[PDB]
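Here is how the chains run, residue by residue.
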Number of protein chains: 2
Amino acid sequence: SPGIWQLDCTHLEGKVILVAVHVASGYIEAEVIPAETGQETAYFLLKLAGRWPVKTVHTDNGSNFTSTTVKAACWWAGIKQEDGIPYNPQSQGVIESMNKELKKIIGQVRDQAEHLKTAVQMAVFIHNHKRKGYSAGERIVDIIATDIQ
Amino acid sequence: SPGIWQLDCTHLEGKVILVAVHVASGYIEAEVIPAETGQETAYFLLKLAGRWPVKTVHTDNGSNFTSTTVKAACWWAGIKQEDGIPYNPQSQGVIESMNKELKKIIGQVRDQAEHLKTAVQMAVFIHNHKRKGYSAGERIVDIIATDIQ
Ligand SMILES: O=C1C(=O)N(Cc2ccc3c(c2C(=O)O)OCCO3)c2ccc(Br)cc21
Ligand SMILES: O=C1C(=O)N(Cc2ccc3c(c2C(=O)O)OCCO3)c2ccc(Br)cc21
Ligand SMILES: O=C1C(=O)N(Cc2ccc3c(c2C(=O)O)OCCO3)c2ccc(Br)cc21
Ligand SMILES: O=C1C(=O)N(Cc2ccc3c(c2C(=O)O)OCCO3)c2ccc(Br)cc21
């Protein structure tokens, strides 16, 4: 569980926000892309796995699960690519709720920046620092550190 | 010192590689940009501070130290902006040594990817996972987790 992440793709302002969620902590990383392609997904996963110990990725849809570039990047980075099928049905809803919450945050900061990509990174910042009392950033670090010991 | 980072800018293939090093661990994040402007630097710092608890950054030169956009981002993200003058002279050399090693890694993977930005991210991955036996990615997580408790 410390190495498990879920991909999520959501849409805003005619663009795509790609999100990776660290399932046990709720910590996220995100980027704005013009469209979700295998190549963009593969590059996002290489960035993520260079930053955190990514063991398994639950992919967000079958096109990315199938994509040969995604599979090349998972092989390169040592990642086990799995489906993201919500076998525990509370999954569809957790992700939907996360997308809702992110977009709400983006709307709270949207006026402070011109580019959507800046507002998305502000929202990443606010989500990961929010006290829930630990934050997601604190949880992911404690989870992986406990794992290291 | 768990919250201290150093920015570093280096050049390759007529492009700029912007690097943030977590001083205590050697862990890095990096990006390729066409040129090192305040706006790119500010955006890079926002991304970094949304992913790790960045308390202080030693900026890589006086133009970023001065940049009003950089200072706006440091204010937004709660980051103390400092100079990066090597008062400990071994700093000039440690950074030079890092740039040399990164470029070496890049040259080792350069042929596996078409875009420079992909090879840079492969090199981030190899650097942060290399055991020297803890890796930089392991050190940074242990350092911050110790700090959390
Ligand atoms: O509200 C949520 C949520 O459900 N999460 C996902 C999530 C998944 C698993 C978890 C989570 C979260 C989370 O609440 O962030 O928290 C405790 C650990 O288990 C979010 C992630 C980003 C953003 Br913006 C909002 C949210
Ligand atoms: O709000 C902004 C912002 O406007 N940018 C920088 C910026 C400066 C000038 C611009 C910008 C942006 C931007 O939104 O990226 O959009 C193009 C027009 O001119 C930020 C970078 C980091 C952080 Br925190 C906040 C911001
Ligand atoms: O060779 C180095 C180095 O000196 N570091 C920077 C650094 C700074 C401070 C440290 C470092 C390192 C490090 O070796 O990464 O190691 C232990 C903690 O103290 C590098 C970072 C990335 C890459 Br690619 C190469 C290197
Ligand atoms: O080696 C590549 C690669 O070529 N890319 C993907 C890629 C696919 C097709 C392309 C690419 C790239 C790329 O280098 O980004 O360049 C444009 C030409 O067509 C990678 C993404 C993640 C990871 Br790991 C490795 C790679």
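Above this text sits the structure in question.
In what follows, the accompanying structure is described. (Residues numbered from 1 in each chain as written, not as in the entry; some residues may be left out. Chains lettered and ligands numbered in written order. Heavy atoms only, no water.)

1. Things to note about the nonpolar core
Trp52 of chain A together with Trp52 of chain B are the most contacted members of the largest nonpolar core, which totals 92 residues. If we ignore the near neighbours within four places in the chain, the residues touching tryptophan 52 of chain A are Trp5, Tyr27, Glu29, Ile140, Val141 and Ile144 of chain A together with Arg51, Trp52 and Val141 of chain B. (Core = buried A, V, L, I, M, F, W, Y, C linked by side-chain atoms within 4.5 Å. Buried < 20%, exposed > 50% of the residue type's maximum accessible area, 1.4 Å probe, protein only. Contact = heavy atoms within 4.5 Å.)

2. As for the interface of chain B and chain A
Interface extent is often summarised as the accessible area lost during association of the parts. Across the contact, 29 residues belong to chain B and 31 residues belong to chain A. Across the chain B/chain A interface, buried area totals approximately 2800 Å², and carbon plus sulfur atoms make up 63% of it. When the buried surface of chain B facing chain A is broken down by residue, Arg51, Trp76 and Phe125 of chain B rank first, second and third, together holding 25% of it. In this structure, the connection of chain B to chain A is made through two salt bridges. Across the pair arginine 51 of chain B and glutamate 29 of chain A runs a salt bridge whose closest N-O atoms are separated by 2.9 Å. Across the contact surface, chain B and chain A share 16 residue pairs in polar contact. Each residue belonging to the side of chain B that touches chain A can be placed in one class, and the counts come to 16 nonpolar, seven polar and six charged. (Buried area = accessible area lost by both parts, 1.4 Å probe. Salt bridge = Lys/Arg side-chain N within 4 Å of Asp/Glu carboxyl O. Polar contact = N/O pair within 3.5 Å; in protein donor to acceptor, adjacent residues only side chain to side chain. Nonpolar A, V, L, I, M, F, W, Y, C, P; charged D, E, K, R; others polar.)

3. Observations regarding the site of ligand 3
Residue and element names in this part refer to chain B. Every residue near ligand 3 is listed here: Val23, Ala24, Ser25, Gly26, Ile28, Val94, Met98, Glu101, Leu102, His127, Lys132 and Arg139. The separation between an oxygen atom of ligand 3 and a polar main-chain atom of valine 23 is 3.3 Å. A distance of 3.5 Å separates an oxygen atom of ligand 3 from a polar atom in the side chain of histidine 127. In isolation ligand 3 offers 510 Å² of accessible surface; the protein chains occlude 76% of this area. Broken down by class, the residue content of the shell around ligand 3 amounts to six nonpolar, three polar and three charged. (Near = heavy atom within 4 Å. Areas by Shrake-Rupley, 256 points an atom, 1.4 Å probe, with all protein chains shown as cover.)

4. Details of the relation of the copies chain B and chain A
Turning chain B through 180° and shifting it by 0.0 Å along the axis lays it on chain A, with an RMSD of 0.1 Å. Viewed as a symmetry operation, the transformation between the two copies matches a two-fold axis. Every residue of chain B has its C-alpha some distance from the rotation axis, and the shortest such distance is that of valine 141 of chain B, at 2.8 Å. Mapped onto chain A, 100% of the interface residues of chain B are again interface residues, and the two copies thus contact each other with one and the same surface. (Least-squares fit on C-alpha atoms.)

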